[PDB]
Structure formats: structure tokens, C-alpha cells
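Survey of secondary and tertiary structure
Given next are the chains, with one letter for each unit.
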Amino acid sequence: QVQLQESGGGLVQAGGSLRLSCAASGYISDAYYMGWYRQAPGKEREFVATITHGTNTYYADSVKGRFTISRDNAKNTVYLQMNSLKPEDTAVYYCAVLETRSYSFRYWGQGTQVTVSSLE
Ligand SMILES: [K+]
Ligand SMILES: [K+]
Ligand SMILES: [K+]
Ligand SMILES: [K+]
């Protein structure tokens, strides 16, 4: 039903910063989760961060202390601020919504590529 659209991917230096955003085309309950996942070369997709109730967050340990998730409730948009970027953060980043009526359905965006370069 609702369409999720990521923006902000690109090519960034190791140690750099990048901010992704994901806007939904319809109303998302403040009590649903909006989150980020990523899929790196040769690996399965993995959880990155999620947020609900405006400010209640959870991060994968691989990114905790480097990435920040935030959310604008009115605008149905979630954001992923990346700092201290590492080459191992290179991946396609996908935003997702998890409904909390029954925790049974997840909705996915189309993905945005983030490439962290080790070349100086
Ligand atoms: K809160
Ligand atoms: K927390
Ligand atoms: K909303
Ligand atoms: K450089």
C-alpha cells in the first residue's frame, strides 16, 4: 500500500559522514517502527537501527556509537545519520516499517547504495 522512498546514498570517504532519509507516502502510526537494514557484498541483509514513539531507538552493536536514527512523526520520515564511516559499512541501505498491531508485516523501501571508499 504505502510507498517508502529512500534518498541520500552515495560515495563517501572512510571516516566521513552521510545522512539518509526515507519518506512514506502515507500516514505511519507513531507507535509503528521505522528502521534501517543493509545488505553488504557477500553477506545477508542485516538490521542497522530502528525507532518508534519519536525517540525510542535501538542500534545494532556494529553501528552503535557511530550512527544516529531520528524520525519526524508529522512527516512520516525516518533519518539515518552516519558518522565515523568504515569500509565495512558499504552496502545497500533499506528503510522498513514494522506494524505493531500484530508485528507480522514489514514494508520495505527500494534501497539506496552507500559506498565507503578507502582510497585517499
Ligand atoms: K518517546
Ligand atoms: K535504546
Ligand atoms: K505520522
Ligand atoms: K582523501
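Structure first, text after, so check above.
An account of the accompanying structure is given in this report. (Residues numbered from 1 in each chain as written, not as in the entry; some residues may be left out. Chains lettered and ligands numbered in written order. Heavy atoms only, no water. Residues with missing side-chain atoms left out of burial classes, pairs and counts.)

**Quick notes on the coordination of the potassium ion (ligand 1)**
Within the protein, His 53 (O), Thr 55 (OG1) and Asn 56 (OD1) serve as the donor atoms for the potassium ion (ligand 1), at 2.7 to 2.9 Å. In the primary structure, the donors to the potassium ion (ligand 1) are separated according to the pattern H-x1-T-N. The class for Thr 55 is exposed, based on a relative accessible area of 64%. For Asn 56, a relative accessible area of 41% puts it in the partly exposed group. (Donors = N, O, S within 2.8 Å, 3.2 Å for Na, K, Ca; no water. Buried < 20%, exposed > 50% of the residue type's maximum accessible area, 1.4 Å probe, protein only.)

**Examining the environment of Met 82**
Relative to the helices and strands, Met 82 resides in strand β8 (residues 77-82). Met 82 sits 48 residues away from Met 34 along the chain, and the two C-alpha atoms are 17 Å apart. Not counting the four nearest positions on each side in its chain, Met 82 is found in contact with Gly 16, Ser 17, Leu 18, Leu 20, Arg 66, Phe 67, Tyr 93 and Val 114. (Helix = DSSP H or I, 4+ residues; strand = E, 2+ residues; numbered from the N terminus. Contact = heavy atoms within 4.5 Å.)

**Observations concerning the pairing of β8**
Bridge count for strand β3 (residues 18-24) against β8 is six bridges, and the pairing is antiparallel. From the neighbouring strand, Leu 18 faces β8, where its bridge partner is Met 82. Counted along the chain from strand β7 (residues 67-72) to the antiparallel partner β8, the turn is four residues long, and its residue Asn 76 has a positive phi close to 50°. (Pairing = 2+ DSSP bridges.)

**Structural notes on the packing of aromatic side chains**
Here the structure, examined in full by the defined rule, presents four aromatic pairs. Considering the side-chain rings of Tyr 37 and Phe 47, the 5.6 Å spacing of their centres and the 75° angle between planes classify their relative orientation as edge-to-face. In this pair, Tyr 37 sits in strand β4 (residues 33-39) while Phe 47 sits in strand β5 (residues 46-52), placing the two residues ten residues apart along the sequence. A relative accessible area of 25% places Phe 47 in the partly exposed class. Taken together, a centroid distance of 5.0 Å and an interplanar angle of 70° make the contact between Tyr 37 and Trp 108 edge-to-face. Here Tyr 37, found in strand β4, pairs with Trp 108, found in strand β10 (residues 106-108); they are 71 residues apart in sequence, far enough to count as distant. By the ring-pair criterion, three or more aromatic residues cluster together here, those being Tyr 37, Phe 47, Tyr 58, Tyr 94 and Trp 108. Here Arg 45 stacks its cationic end above the ring of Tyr 94, 3.7 Å away from the centre of that ring. (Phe/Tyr/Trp six-rings, centres within 6.5 Å; stacked < 30°, edge-to-face > 60°. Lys NZ or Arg CZ within 6 Å of the ring centre and 35° of its normal.)

**Overview of the sheet that holds β3**
Judged by pairing direction, the sheet is antiparallel, and its four strands sit side by side in the order β1-β3-β8-β7 without closing on themselves. Either end of the sheet is taken by a strand with one partner, and the two such strands are β1 (4-7) and β7. Neighbouring strand axes in the sheet, compared pairwise and without regard to direction, differ in orientation by 15° on average. (Axes fitted to C-alpha atoms, helices over the stretch in contact; angles between N-to-C directions.)

**So, the nonpolar core**
Of all hydrophobic cores here, the largest spans 29 residues; its most connected members are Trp 36, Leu 80, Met 82 and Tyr 93. Those elements giving two or more residues to this core turn out to be β3, β4, β5, β7, β8, β9 (91-98) and β11 (112-117). (Core = buried A, V, L, I, M, F, W, Y, C linked by side-chain atoms within 4.5 Å.)

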